[PDB]
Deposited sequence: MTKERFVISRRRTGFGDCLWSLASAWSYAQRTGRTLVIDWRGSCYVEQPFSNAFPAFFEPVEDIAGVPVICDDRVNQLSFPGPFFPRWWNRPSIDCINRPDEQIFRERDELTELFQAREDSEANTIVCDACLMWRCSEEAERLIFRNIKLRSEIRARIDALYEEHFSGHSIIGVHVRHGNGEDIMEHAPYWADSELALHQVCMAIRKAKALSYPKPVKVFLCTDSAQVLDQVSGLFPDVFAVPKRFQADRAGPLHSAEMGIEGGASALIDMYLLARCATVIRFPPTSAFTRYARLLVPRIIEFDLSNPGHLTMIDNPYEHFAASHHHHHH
């Protein structure tokens, strides 16, 4: 009997990477395979063959009974074929073209595979598409509980928690990405107003996570007690600030998701008591979700 694998490849924001990790993990568990975390080519790492996982998380060899390879051994080990999806059996010169069409195909093919009663005969499953929603909520939670941020990142979360969150009830706001820009700011303000009108056991502050300096300035000038985390190595720092925000969001009493399609706030969605978002099914109208 030879070792068999599921490789989780993702290179986008960490919420996407970690959700998609949970999906790969689940299939590995179900089918008795070893999980490979392959974050080579991350948007946060300049060096294209460096596995980014260890740059942000501590080494992990097991997650809930599933053996894990999370490091630069991806550059040394030859994972065995046959491969699923079947595209991965093609010669590498034929694998240079990898358009979105193909990637979406694979998401679909992995989705039916994960739903099928029979394990695949392939020795290695290559997961290299978005696998958000392709696992249980428990699978996602297990991931978050069983990997650990690098201590330098934790130290920063810990300092900011003590400095702003301790003793307070924090409303977290994630805003991602002229009538358009004006409308969005209006909408964010409407959301904050709703969040602020709820009752909290401690004095309220607003924790804003946005990539826009304009939004930070405007939201801060429009509400009291608004704060945000300040400030190759810049890729790493970009990744670290993302994680700091993602994890602090999950310590908030209420979180506003703008938009609620973003995996950035999925972890908050799992942990936070109250979520506020604009309704997909009913546009322009705020809705509130108590957890669950």
| item | value |
| --- | --- |
| Gaps in the model (deposited sequence, numbered from 1) | 1, 179-190, 245-256, 318-330 |
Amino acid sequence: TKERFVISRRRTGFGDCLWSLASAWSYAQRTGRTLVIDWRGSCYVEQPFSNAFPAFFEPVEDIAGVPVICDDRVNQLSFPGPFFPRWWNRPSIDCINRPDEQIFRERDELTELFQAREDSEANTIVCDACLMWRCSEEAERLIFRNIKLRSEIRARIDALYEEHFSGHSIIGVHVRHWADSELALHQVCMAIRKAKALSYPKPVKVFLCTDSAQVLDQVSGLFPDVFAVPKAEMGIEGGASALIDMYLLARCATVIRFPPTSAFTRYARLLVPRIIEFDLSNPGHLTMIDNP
From here on, numbers count along this sequence of modelled residues.
property	result
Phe114: gap in at least one third of other compared structures	no
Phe83 not built in a third or more of the other entries	no
Between 280-288 and 267-275 (mean CA B-factor, as deposited), the higher	280-288
Where the record places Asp217 (Cα B-factor, split into thirds across the chain)	lowest
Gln187 - which third its CA temperature factor falls in, relative to the rest of the chain	lowest
Chain-relative CA temperature factor third for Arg257	lowest
Cα B factor band for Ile69 (lowest, middle or highest third within the chain)	middle
Third assignment of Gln76 from its chain's C-alpha B-factors	highest
